[PDB]
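Q: first portion of the complex, with coordinates as positioned in the assembly:
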Amino acid sequence: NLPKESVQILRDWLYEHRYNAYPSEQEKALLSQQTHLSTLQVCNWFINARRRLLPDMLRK
């Protein structure tokens, strides 16, 4: 599993950008740096999160 603390960061960036859920190449580094997860894990989390967490957020 992923750290509980990193996911809330990713969750937060995602909500803050729910209608443009696409971090630039560099933001992926910034969030990777901010979450201490590899850019592979962050690219992945976004691939996963856009499917699984985002709809419930856009459902507002």
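A: Here it is on my side, so go on. Numbers count the residues shown, from 1 in each chain, chains lettered A, B, ... in the order given.

Q: phi and psi next, for residue A:20.
A: Here is the backbone geometry of residue A:20 (degrees, to the nearest 10): phi -150, psi 60.

Q: how about residue A:32?
A: phi -60, psi -40.

Q: for the helix or strand harbouring residue A:15, list the C-alpha coordinates in PDB.
A: Assigned by DSSP states H and E, residue A:15 belongs to helix A:4-16. What follows is helix A:4-16 as a C-alpha-only set of coordinates in PDB (Å, rounded to 0.1, in the frame of the first residue of the first chain):
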ATOM      1  CA  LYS A   4      -2.000   7.500   3.900                       C
ATOM      2  CA  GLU A   5      -0.300  10.900   3.900                       C
ATOM      3  CA  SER A   6       0.700  11.000   0.200                       C
ATOM      4  CA  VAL A   7      -2.800  10.000  -1.000                       C
ATOM      5  CA  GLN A   8      -4.300  13.000   0.700                       C
ATOM      6  CA  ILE A   9      -1.900  15.200  -1.200                       C
ATOM      7  CA  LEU A  10      -2.800  13.500  -4.500                       C
ATOM      8  CA  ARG A  11      -6.500  13.700  -3.500                       C
ATOM      9  CA  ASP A  12      -6.100  17.400  -2.800                       C
ATOM     10  CA  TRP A  13      -4.300  18.300  -6.100                       C
ATOM     11  CA  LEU A  14      -6.900  16.200  -7.900                       C
ATOM     12  CA  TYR A  15      -9.900  18.000  -6.300                       C
ATOM     13  CA  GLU A  16      -8.200  21.400  -6.800                       C
END
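
Q: as chain B, please add this:
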Amino acid sequence: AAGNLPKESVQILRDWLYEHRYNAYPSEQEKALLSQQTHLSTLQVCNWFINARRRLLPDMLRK
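A: Chain B added:
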């Protein structure tokens, strides 16, 4: 009267067979790669394939 084959080698072959069940024809080098993995001669591998194709592959292509 040679004894039955190593269980790990037959599983290795059985899996390769499954992994290529829609074309159970290992090339010279695939036959080679399986020899070294099984510590078995290419006669054993040529044959084990000759056998399994008649005796084990049908049960596989049936799903």
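
Q: before we move on, the earlier item: for the helix holding residue A:15, what is the distance to the chain centroid?
A: Its chain's average C-alpha position is 6 Å from that of helix A:4-16, according to Cα atoms, centre = their mean, to the nearest Å.

Q: could you pull out the buried residues of that helix?
A: A:6-7, A:9-10, A:13-14 (16 or more other Cβ atoms under 10 Å in any protein chain shown). Where C-beta positions appear, they are placed from N, C-alpha and C, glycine not excepted.

Q: relative to residue A:25, how far out is residue A:38?
A: Distance from residue A:38 to residue A:25, counting by Cβ to Cβ, to the nearest Å: 14 Å.

Q: more crowded one of the two?
A: Taking residue A:38 and residue A:25 together and counting by other Cβ atoms under 10 Å in any protein chain shown, residue A:38 has the greater number of neighbours (10 against 7).

Q: sorry, back to before: could the buried residues of helix A:4-16 be laid out in a markdown table, adding distance to residue A:47?
A: Listed next are the buried residues of helix A:4-16 as a markdown table, based on distance: Cβ to Cβ, whole Å:
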| residue | distance to residue A:47 |
| --- | --- |
| A:6 | 16 |
| A:7 | 14 |
| A:9 | 17 |
| A:10 | 12 |
| A:13 | 15 |
| A:14 | 12 |
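
Q: go ahead and place chain C:
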Amino acid sequence: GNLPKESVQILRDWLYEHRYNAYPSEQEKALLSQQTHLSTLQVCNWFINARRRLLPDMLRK
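A: One more piece, chain C, placed on the ones above:
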């Protein structure tokens, strides 16, 4: 910068030789990385494309 034609010949040949199930395993993918002096990535890609572009024309037999 394009891939060595001999590397492409090794890949192109494998593709034709395995038309039904044209999906090399990790061990096969590694062996083509080694046989072509290519990273395991470059081949993954090459096949992803070749499956689109070369298999339709190759199955016409």
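
Q: before we move on, the earlier item: the helix holding residue A:15 packs against which elements?
A: Here helix A:4-16 touches helix A:25-35, helix A:39-52, helix A:54-58, going by 3 or more Cβ pairs under 8 Å, 6 or more residues apart in numbering or on different chains; DSSP states H and E.

Q: buried residues in the last one, which are they?
A: Taking 16+ other Cβ under 10 Å as the basis for neighbour counts, the residues of helix A:54-58 that come out buried are residue A:54.

Q: which helices and strands sit right next to it?
A: helix A:4-16.

Q: same question, the longest one
A: When contacts are defined as 3+ Cβ pairs under 8 Å, 6+ apart, helix A:39-52 packs onto helix A:4-16, helix A:25-35.

Q: go again using 10 Å as the cut-off
A: For helix A:39-52, the packing partners by 3 or more Cβ pairs under 10 Å, 6 or more residues apart in numbering or on different chains; DSSP states H and E come out as helix A:4-16, helix A:25-35, helix A:54-58.
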